[PDB]
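A.B. asks: below is the sequence, then the experimental coordinates.
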Amino acid sequence: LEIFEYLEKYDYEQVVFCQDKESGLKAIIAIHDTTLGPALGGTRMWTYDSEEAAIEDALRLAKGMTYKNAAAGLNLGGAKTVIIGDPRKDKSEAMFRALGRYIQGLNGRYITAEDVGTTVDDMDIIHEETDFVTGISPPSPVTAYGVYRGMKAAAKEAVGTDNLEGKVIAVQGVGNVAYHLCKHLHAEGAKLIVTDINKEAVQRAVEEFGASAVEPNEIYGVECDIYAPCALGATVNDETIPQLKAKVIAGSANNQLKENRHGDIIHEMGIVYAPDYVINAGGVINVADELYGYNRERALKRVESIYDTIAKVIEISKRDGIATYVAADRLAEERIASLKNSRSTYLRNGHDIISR
Amino acid sequence: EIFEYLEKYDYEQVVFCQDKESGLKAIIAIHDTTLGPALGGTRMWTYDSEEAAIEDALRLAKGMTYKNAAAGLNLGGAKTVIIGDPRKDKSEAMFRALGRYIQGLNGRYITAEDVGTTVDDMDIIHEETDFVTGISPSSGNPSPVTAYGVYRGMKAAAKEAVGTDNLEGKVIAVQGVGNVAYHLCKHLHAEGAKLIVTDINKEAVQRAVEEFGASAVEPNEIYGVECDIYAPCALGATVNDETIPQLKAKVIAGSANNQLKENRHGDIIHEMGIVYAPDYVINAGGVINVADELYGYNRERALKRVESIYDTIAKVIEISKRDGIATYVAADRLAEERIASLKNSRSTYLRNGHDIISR
Ligand SMILES: NC(=O)c1ccc[n+]([C@@H]2O[C@H](COP(=O)([O-])OP(=O)(O)OC[C@H]3O[C@@H](n4cnc5c(N)ncnc54)[C@H](O)[C@@H]3O)[C@@H](O)[C@H]2O)c1
Ligand SMILES: NC(=O)c1ccc[n+]([C@@H]2O[C@H](COP(=O)([O-])OP(=O)(O)OC[C@H]3O[C@@H](n4cnc5c(N)ncnc54)[C@H](O)[C@@H]3O)[C@@H](O)[C@H]2O)c1
């Protein structure tokens, strides 16, 4: 790969390759931006096609977080750690003890947490070497509650009222998040239509909150007024968009849009898309509140705020006549840049999340 | 395939650093921090391709690990490679940015000058961090020390091949009269030695002929000159299949890096009875100086660790017989043994532990 060219393109800050032989650790800490403060991003551990793909993923996801964290109104930049390995096989104490040290070797530029293929017990070993790590002491139900709120503000644009009574919701997946979402939804007298590749998981959902069950590859064309992807990404492509009955999309899934283009057209069909990385923010917003020093109430109230973040993204989608994801991209950028100026005053006793 | 190369020689980190406003593209390679903070200079050169820049970084860092170890420093191996034309691409912003990234490593990496970086460069880096050495406005020389470093290294080499550590009456082929080579000659001449000097700057040669009553040879010829010691103080890979059979001296000892063009050239020189003072043990003087800058500079103690080079070569010479292996291999093992020996002897717990950073 031609790394530095990619870095100078989106003005990434650092890509930190870490290797301990005794453990066999091969980790890439990508840091895109630290303007708002320490880069927060999880440790992903997956088996990769090739080293080139691992580096690509790292950078992709970090540049991601920069925007999630910005829009969620956190004081944190964008980063993500990718370990190359089979989480089922290649993990050790040494592995996480080593990475921990490398993370303290960055002295607060990077803060990690769990992602795909890392337990808490993992972070707990990392915690032995450093405090630049979160999600160890009291995340799916919060993410889910995050959507519950996000859905309402989305409903209020395309529906006129933030009430969900009479609205039909197609809930794709009954995963850890989706399950907890449903509870909250149908207990406001909306109508739930559920689907999943684990059919027993579906049955729990139909039985508990009176949903209709549908085959995985039907959920799009179901007569429904809102769509909630909580299983798979790139679920909003040329094949599913014309199948779609709903006038509102809002779910937990990442990369809901298969290409940038699909957002642009959905806008012009009158369909109101709550952008992925604004909604699922709930989970991050929680581990983020862990660092300031956890408070259950205040934590949830910044999660509750997702409503208003969507509402503002919705507003700008009209006020500028652009797809909701583009408004969201700009909401973040505007924040990052606005503070960059407003904070460029000197203090010798400066304050950040690390000064807890 | 980076990670494979890293896991091969158990490198620790490769830190890619980029600030767009300055255009900085820097690779801080860190091979080992066993003995403590990795010390290594910032090189700034124009590179064929990004692949070659990463390769260089790793090469040079893995280098320092061993130089620092053998020189008896409490420092690991690192090197920073900026991709750029030092003549064109430099800015305050560039070095202000890199400085921050270096403080972003909080004492794992300590930088200094190398090819394509001024002190004024380090002075801008110093604005952002103290993990940096060779600051002249504040302080080394540092060429004459490197040179004195060789003077001592050459003596122990002479005593092995030639029988006495005196250089009186010995003829010395000094390839290059650079800033180091000159000051080496200064010591040599004033110990009753005889110099055969060569250089692409013919005025630099004239200074040497005039000041040390020295002989001169055309650049191409310095190898086959009838002389007792060969001292490469200009270019590396000067000990290749071309020059080794041309070589009349029984001792090689100079300031130049990568004196051996390939590993094998060391192996054969051993069996010809030529006594090679290995590059990274002899020229250590310069590092050993900026290294003493951090503990807090002390002219006497600084030089006395440089003086020690005599004994480091002598030990490398000893092991070259006691195990029957080329002097560079003995040097590689001298370092390894030290790194590993201390790794054990220091694995006792202290909460109030002491390192060069706790000066
Ligand atoms: N957990 C969080 O905080 C969070 C935040 C960001 C990411 N996400 C996103 O949300 C999901 C993770 O939530 P989770 O951990 O609760 O879910 P999960 O991984 O526990 O469950 C996902 C469900 O998707 C179903 N599924 C897979 N393919 C399907 C298909 N083609 N059609 C229908 N169902 C299918 C599976 O059967 C499974 O039950 C992912 O899409 C992820 O990208 C969640
Ligand atoms: N200065 C130090 O502390 C130090 C320590 C480590 C590295 N070195 C080594 O020393 C070498 C130079 O030391 P310096 O910085 O004192 O020198 P310098 O750069 O000040 O001078 C180099 C000299 O080499 C001569 N030269 C170049 N190519 C030549 C050739 N083909 N034939 C003959 N002469 C030639 C030039 O005319 C010039 O006078 C470097 O190549 C490096 O390997 C020096």
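C.D. replies: Structure's in. What do you need? Numbers count the residues shown, from 1 in each chain, chains lettered A, B, ... in the order given. Ligands and ions are numbered 1, 2, ... in the order given.

A.B. asks: got the residues of the stretch 251-356 of chain A near ligand 1?
C.D. replies: For the stretch 251-356 of chain A, the residues in contact with ligand 1 (Cβ under 6 Å from any ligand atom) are A:252-254, A:280, A:283. Just so you know, the C-beta spots here come from the backbone N, C-alpha and C atoms, and that holds for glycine as well.

A.B. asks: could you dump the residues you listed to JSON lines with secondary structure and neighbour count?
C.D. replies: Formatted as JSON lines, these follow (DSSP: H, G, I helix; E, B strand; the rest coil; neighbours: other Cβ atoms under 10 Å in any protein chain shown):
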{"residue": "A:252", "secondary structure": "coil", "neighbour count": "29"}
{"residue": "A:253", "secondary structure": "coil", "neighbour count": "24"}
{"residue": "A:254", "secondary structure": "coil", "neighbour count": "15"}
{"residue": "A:280", "secondary structure": "coil", "neighbour count": "24"}
{"residue": "A:283", "secondary structure": "helix", "neighbour count": "23"}
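
A.B. asks: now for those: which two are most distant?
C.D. replies: For those, the maximum inter-member distance is 12.9 Å, found between A:253 and A:283 (Cβ to Cβ).

A.B. asks: for residue A:110, grab the count of nearby residues.
C.D. replies: Using other Cβ atoms under 10 Å in any protein chain shown, residue A:110 has 29 neighbouring residues.

A.B. asks: now swap in residue A:349 and tell me
C.D. replies: 5.

A.B. asks: the one 4 residues further on too?
C.D. replies: Applying other Cβ under 10 Å, we find 20 residues neighbouring residue A:353.

A.B. asks: test my guess that it contacts residue A:291.
C.D. replies: Yes. Between residue A:353 and residue A:291 a contact is recorded at 5.1 Å, counting by Cβ atoms under 8 Å.

A.B. asks: separation between whichever residue of the stretch 251-356 of chain A sits closest to ligand 2 and residue A:337?
C.D. replies: The minimum distance from the stretch 251-356 of chain A to ligand 2, using Cβ to the nearest ligand atom, falls at residue A:348 (39.0 Å). Distance, residue A:348 to residue A:337, by Cβ to Cβ, to the nearest Å: 25 Å.

A.B. asks: which one's more surrounded, those two?
C.D. replies: It is residue A:337, of residue A:348 and residue A:337, that has more neighbours when counted by other Cβ under 10 Å, with 12 against 4.

A.B. asks: now the more buried one, what's its secondary structure?
C.D. replies: helix (DSSP: H, G, I helix; E, B strand; the rest coil).

A.B. asks: if I look at it, how far off is chain B?
C.D. replies: 14 Å (Cβ to the nearest Cβ, to the nearest Å).

A.B. asks: let me see the contact set for the closest residue to residue A:2 other than its chain neighbours.
C.D. replies: In space, and not counting its chain neighbours, residue A:2 is closest to residue B:50: 5.9 Å by Cβ to Cβ, 6 or more residues apart in numbering or on different chains. Taking Cβ atoms under 8 Å, 6 or more residues apart in numbering or on different chains, we find residue B:50 in contact with A:2-5, B:83.

A.B. asks: out of the residues you listed, which are inside helices?
C.D. replies: Residues of the contacts of residue B:50 located in helices (DSSP state H): A:3-5.

A.B. asks: the stretch 151-300 of chain A: strands as residue ranges?
C.D. replies: Ranges of strands within the stretch 151-300 of chain A are A:168-172, A:191-195, A:212-213, A:226-229, A:248-249, A:272-273, based on DSSP state E, counting those that start in this stretch.

A.B. asks: mind putting those strands in a markdown table, distance to ligand 2 included?
C.D. replies: Formatted as a markdown table, the strands of the stretch 151-300 of chain A follow (distance: least, Cβ to the nearest ligand atom, whole Å):
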| stretch | distance to ligand 2 |
| --- | --- |
| strand A:168-172 | 64 |
| strand A:191-195 | 69 |
| strand A:212-213 | 75 |
| strand A:226-229 | 61 |
| strand A:248-249 | 63 |
| strand A:272-273 | 61 |
